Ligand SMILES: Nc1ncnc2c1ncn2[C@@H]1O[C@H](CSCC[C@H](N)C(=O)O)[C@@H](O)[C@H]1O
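A single chain comes next, written as structure tokens; it is the form solved without S-adenosyl-L-homocysteine.
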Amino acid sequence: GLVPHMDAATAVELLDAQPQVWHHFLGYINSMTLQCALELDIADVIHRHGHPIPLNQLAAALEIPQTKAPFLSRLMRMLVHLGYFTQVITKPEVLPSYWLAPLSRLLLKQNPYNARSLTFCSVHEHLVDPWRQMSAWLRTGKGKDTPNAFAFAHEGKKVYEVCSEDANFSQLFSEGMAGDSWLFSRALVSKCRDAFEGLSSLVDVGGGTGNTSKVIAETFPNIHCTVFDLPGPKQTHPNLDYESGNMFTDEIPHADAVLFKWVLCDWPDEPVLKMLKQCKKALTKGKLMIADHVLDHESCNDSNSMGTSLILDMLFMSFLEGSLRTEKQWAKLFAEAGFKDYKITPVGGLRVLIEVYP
């Protein structure tokens, strides 16, 4: 096309704003550099070394040729900035030596709460690729429509059907959820001890391999926990058992409390409401325990926290059928379901406990 006033001050201001936009559109660079660090097992190799490891020895351990060591050095500098590792220079005039920073605890294979599997599935082609059809999906009205962009880009298949076809992919989700449950459950029983006092039974809906219920049963020895979920080895405890079922179409086991941990956020209001109504009928009195996001809660309303919450809302919009609800949205569902009262107790990790009374 043919070649198309502004004072210097305006130009400089705009020039200085530009890197903010660059930072946004290059967001995937963070995803991919972290994924590399995991593929290369960097944190585990550094940890194994037992003390700071010089660049040349790190490259050798990672099977990176010395000719590529300068590129590894730059990758490490990025990862240091992200907060995973540290670097120092112990040789005078450059050879850096690398060690672990506290955030790397979440990367280590040896830790049952590591975020490796969740990272691999979150940056997987299956989850990233549908975004290239998001605008087209948003513009599709009611024959070629699908519940979400993911299905739009997967010949109409929801994530659950794709998981049934891709065992490796499926395994990443399962492992990622289990890892989060390991950590979240331990915070939950500490932060919300009062919510478990007086209970003799609890049903953990969508409880999978039982990481959440295991910790509940260990912490509160008088609570009989039942994991209720659809058909690796499950956690064992004398007060922990398992029942199979579909939470949407099958009757939920009876208990003093019904727990939904990071489950209701996956689904839209219509099936959630129907399910809550079933719970209300059943619990009449026990209570509903929802361990999930309250988007606008005071405990997670700082700018960084909100940023990550909204990123999750976008993620969920793309490949699930849910969202992060505000308190107002939660309260409306509870009222329409026939519940009378609720109480919110902060836990952490952008999430809270909601106790709901019928």
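Numbering starts at 1 and runs along the sequence shown.
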Is there a break between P102 and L103, and how many deposited residues does it span: none, 1 to 3, 4 to 9, or 10 or more?
none
Between residues given as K142 and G143, how many of the deposited sequence are not built: none, 1 to 3, 4 to 9, or 10 or more?
1 to 3
Taking the recorded C-alpha temperature factors, which stretch has the higher mean, 251-259 or 76-84?
251-259
So which stretch wins on mean C-alpha B-factor, 171-179 or 119-127?
171-179
Comparing recorded Cα B-factors across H154, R186, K234, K109, which one is largest?
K234
Between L202, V215, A149, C279, let me know which has the highest C-alpha B-factor in the entry?
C279
In terms of the chain's CA B-factor thirds, is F71 lowest, middle or highest?
lowest
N304 CA temperature factor, ranked by third within the chain
highest
Can you tell me which third, lowest, middle or highest, the CA B-factor of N211 falls into for its chain?
highest
Splitting the chain's C-alpha B-factors into thirds, which one does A8 fall into?
middle
Sorting the chain's CA B-factors, does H24 end up in the lowest, middle or highest third?
lowest
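The form solved in complex with S-adenosyl-L-homocysteine exists for this protein as well; it is not shown, and the discussion that follows is about that form.
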Among 242-250, 73-81, 218-226, 99-107, which stretch has residues with heavy atoms no more than 4.5 Å from S-adenosyl-L-homocysteine in the deposited bound form?
242-250
Heavy atom within 4.5 Å of S-adenosyl-L-homocysteine in the deposited bound form - residue from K261, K214, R116, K287
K261
Only one of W131, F196, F152, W267 comes within 4.5 Å of S-adenosyl-L-homocysteine in the deposited bound form by heavy atoms, so just point that one out.
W267
Find out whether any non-hydrogen atom of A257 is located within 4.5 angstroms of S-adenosyl-L-homocysteine in the deposited bound form, and reply yes or no.
no
With a 4.5 Å heavy atom cut-off, would you call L230 a contact of S-adenosyl-L-homocysteine in the deposited bound form?
yes
Within a 4.5 Å heavy atom cut-off, is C279 in contact with S-adenosyl-L-homocysteine in the deposited bound form?
no
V203, heavy atom within 4.5 angstroms of S-adenosyl-L-homocysteine in the deposited bound form:
no
Which of the residues spanning 142-162 lie within 4.5 Å of S-adenosyl-L-homocysteine in the deposited bound form, based on heavy atoms?
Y160
